């Protein structure tokens, strides 16, 4: 009877699969030994029954206050991305990360093919025993689009299948769009075959000790073991659309970036599109769907996390959002801070590690909504919670997984397969001191240097504690698919291609100490950027780049804001900054640092010495 798993197919048919899709499914069905195989069709009925099954299994809880919303609570050991267990396999180490002068590289983690094979054999054989292998055909980008890249995710987590339905275009239509074309091979398992050898915490299957998120770009495979958290288990998102995609992008002449895409319209009706790279949990989602406080202005959301970008024939940098939803940080989200998000997350939305009110609603730190007297709160740890306990009701990296199409200000061209023309790129992070509210790069090369110099306080999105200022060039430290030096060269090369309308490059700091209220008020910084792209004489030259002139920023309704402190450029801070950037780039980028980046470093060092 061959290696035929037709007898265990519980939805769909192996005969209906493309030739190479069948081999991929059956080959891993042989390795992983699932009891059932569920080929996903992506239908509403499948989604409802999947949620009902998880509810019956005690995996998720229904939120009775809302329209088809659900709550998952995880094992506390499996709450975020884990960079130290995140690896890229290549033949040569140099292709994946530059060879550092000292210790280990901070720009990724390389693992040899031999090392990974042994790790792979220690984990995956029989790992799905007693479980259903779900087969997820998903499209990153819109269905039909020649830009879109299709993947097949195999997983034993129904939480992953439900989340992938939101975060990607998922179903039978993807298999029909694929045919005998190429697809990314995504393999995932929580790593707890039945019968369970280890006790199960919060009904959340996971394997912390053996957690491993591997990328094999040469083989076009993503292999992920042990973790159910979205960043580690939704393999279309970070693993494919940043790590695997950024390498493909380098090879084919496009860009895959950790960037929101937004459209901003002035009072007249003139529209511009901006992209912005901030590190995980440093303000992308809130900016991408902001409610602008300036009257007449209008922000619209194309995407909040991943941008795929390429020059068209006319020289416009065209961006698309390859995702289908927002996997956004929960705490802080309110009608004050992010009202467009709240209109999105009230239906067809899955929440993870947030608190639950007794009347079937969600709760977290900074929700800015006092409860009725008598309404009690169950925490993310499934305990009865009160502020007398010093612990927060929701985990810091708790999430909502919501459809993008439900955003009130979703851009009418967000599914356009030609993309939206980018006229501005914004870099930034959490710098509590020294860095101005906004500056503008002097050229493309300086702009690329500014991206490379980026630093930001650590967040709960990965394993890093203490709120320490880490290096995060382009907000891509955890996501480089290949050598960062080559990545810099790829970016710099975009200046050389004829007729290229290069976006203006800016750097922002919302988080200086906060000296700036942020959220909707950042529309004032976006106004200045809008004008500078138009070419208004609203900029003053400083050593670090152009800053807004006196009376350039609309601060009407904000006379209290200290402009001197917020835009202060200290020689003492900045001569220290360039020294720290020098040592980092030499240590970590080393022989693969392009000359032009070193020239901008020497030029910035020079300008600071003249202060």
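Residue numbers count along the first chain shown, from 1.
Participant: In terms of residues present in the deposited sequence but not modelled, what lies between residue 513 and residue 514: none, 1 to 3, 4 to 9, or 10 or more?
Facilitator: In the record, 4 to 9 residues between residue 513 and residue 514 lack coordinates.
Participant: Taking the mean of the C-alpha B-factors per stretch from the entry, tell me the winner out of 552-560 and 43-51.
Facilitator: The deposited B-factors put 552-560 ahead on the C-alpha mean.
Participant: Quick one: higher average CA temperature factor, 210-218 or 458-466?
Facilitator: Stretch with the higher mean C-alpha B-factor: 458-466.
Participant: Highest CA temperature factor in the entry: which of 155, 145, 139, 280?
Facilitator: Of the options given, 145 has the highest CA B-factor in the PDB entry.
Participant: Can you pull the Cα B-factors for 451, 392, 253, 421 from the entry and say which is highest?
Facilitator: Highest C-alpha B-factor among the listed residues goes to 392.
Participant: Would you mind checking where the Cα B-factor of residue 58 ranks among the modelled residues of its chain, as the lowest, middle or highest third?
Facilitator: Top third by C-alpha B-factor.
Participant: Determine, from the deposited record, the chain-internal third of the Cα B-factor for residue 292: lowest, middle or highest.
Facilitator: Ranked within chain, residue 292 CA B lands in the middle tercile.
Participant: Ranking the modelled residues of this chain by C-alpha B-factor as given in the entry, is residue 249 in the lowest, middle or highest third?
Facilitator: As the PDB entry reports it, the C-alpha B-factor of residue 249 lands in the lowest third of its chain.
Participant: Looking at the temperature factor on the CA atom of residue 568, which third of the chain's modelled residues does it land in?
Facilitator: Ranked within chain, residue 568 CA B lands in the highest tercile.
Participant: Determine, from the deposited record, the chain-internal third of the Cα B-factor for residue 198: lowest, middle or highest.
Facilitator: Highest third, going by the recorded CA B-factors of the chain.
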